[PDB]
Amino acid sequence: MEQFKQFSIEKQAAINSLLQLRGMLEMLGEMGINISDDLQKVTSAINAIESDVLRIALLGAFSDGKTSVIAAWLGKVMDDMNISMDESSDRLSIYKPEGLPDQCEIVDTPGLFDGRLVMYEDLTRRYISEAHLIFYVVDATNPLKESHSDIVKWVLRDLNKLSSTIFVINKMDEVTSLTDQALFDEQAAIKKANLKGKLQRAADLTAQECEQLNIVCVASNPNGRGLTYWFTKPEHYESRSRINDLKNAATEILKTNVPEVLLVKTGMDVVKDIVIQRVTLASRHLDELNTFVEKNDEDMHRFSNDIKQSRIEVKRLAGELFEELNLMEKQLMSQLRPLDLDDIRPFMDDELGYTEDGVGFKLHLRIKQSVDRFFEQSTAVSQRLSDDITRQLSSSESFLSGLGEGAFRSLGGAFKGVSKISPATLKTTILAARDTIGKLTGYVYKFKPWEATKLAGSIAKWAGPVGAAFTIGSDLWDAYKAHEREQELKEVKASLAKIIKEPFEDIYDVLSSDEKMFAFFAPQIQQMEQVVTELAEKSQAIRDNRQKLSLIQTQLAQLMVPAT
């Protein structure tokens, strides 16, 4: 991996990253977000970028052997790439060597190496800012000339190119043996430390910036023999010069710094930071929305289950109620059929009730207490149902309240403007459904008056005067013969049966049909079902939106993987 292939590669990566940016923009557009003309702006920056070529700013005094360092690194002696560098001109200058695998620009400011005016020229500042690599070449004996403080500051502080600058301590030969691997590294580390201290102090560097510094020790032209000669021995030279340490450092900077240079140069750094911000934000609040829409969708099914179970339970109670009332009636009837006329009054008193009003009060109260008990158990069922619906609605309200009123504005068009959807629009629909349910829910008291049944005069004479001790007189018993009396018994029993049966008949007709049964003992179950059914319908508009957005975010997440 060498310098022009790395660049060409980093160029392409940056172009790709911008095509993914374009893709990310199309999706925002799709969720009704701005764009203005960011799509065409991005295409333009891709085109501008295609032109660009590798650029190195070669900085340093010429006497520190800068020219050797760059030829060395490229691979070719200066004249073979038909270019020749001028020692003094008070301007910026650019060299575009030839016969190389690809093109590259070599920028420098020869005047500096009141020629210090070029540091404040927007032009020479732009050309060095927009370089991908900066070599500041210094001396091994006494690294960094005494006069250069403000140039180091210009590069590292003013222009802010520390991440892309390699200080190249050159001519290490005249400080150490190029043979003794372990001594070189000892002097190379001491010289790296020394220069580190002069730079930090020339440019106000912090301790952290100091660690970021790129320093490399090298011997471009070792012994003094020359490049033309040393290229003839390419693998001997590399071990001695340590030039590979420089190519490698340069390769890692390119790896990192080439895209930043290209993005900034075209103004796309800013475009891209904003787009990735809106997308990151957009999925973080789609996650919120999904949580709400999922929960709400699951509650709806949960509410219809509750209603089912509710209904199943009430049906079970209605049947138990019926079973209980049917025994009561069978029991009373089997007590009646064997009774002789003396037995009658005790029976009316003790089982039915016998008053001036008439007969039936005692039975009525006992039927009533059985009906009441069901009406209460069944009213409690409907109360447990209201409490679950009401609990879940409230936890949706509470989820949506913690989102913030602007939580969905990043999701674009449907959450902005006069028809906007928001946590508060959705909360409202929920709370009016919870309100309608808090008014349905109710124990009720409805008074149902009861009249007793008067006994026929004919049958009143076998019962006796109300509330008195009564046995049947001789005068009454010997007014009939047996067949005139056992018939008198039959029509009195006929009389009590009709009385006994009546109150059950009515209520069995109610329990025999679920429509009626429900309408009398548990109407709020149907009423709550209505409310739940309506709430379901009002939930469509977000479901429509959440779907579009999810399909959309799936694509965004894809486009965003490279950017992570």
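Residues carry their position along the shown sequence, with the first being 1.
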Checklist entry - Between residues given as residue 113 and residue 114, how many of the deposited sequence are not built: none, 1 to 3, 4 to 9, or 10 or more? => result 4 to 9
Checklist entry - Comparing 385-393 with 240-248, where is the mean C-alpha B-factor higher? => result 240-248
Checklist entry - Do the C-alpha atoms of 6-14 or of 545-553 have the higher average B factor in the entry? => result 6-14
Checklist entry - Taking the values straight from the PDB record, which of 157, 483, 272, 278 has the highest C-alpha temperature factor? => result 483
Item to check | Deposited CA B-factor, highest of 346, 402, 75, 267 | outcome: 75
Next on the checklist: Splitting the chain's C-alpha B-factors into thirds, which one does residue 66 fall into?
Outcome noted: highest
Item to check | Chain third (lowest, middle, highest) by recorded CA B-factor, residue given as residue 375 | outcome: middle
Checklist outcome for this item: The third of the chain into which the C-alpha temperature factor of residue 168 falls is the lowest
Next on the checklist: For the chain shown, is the CA B-factor of residue 335 in the lowest, middle or highest third of its modelled residues?
Outcome noted: middle
Item to check | Chain thirds of CA B-factor: placement of residue 323 | outcome: lowest
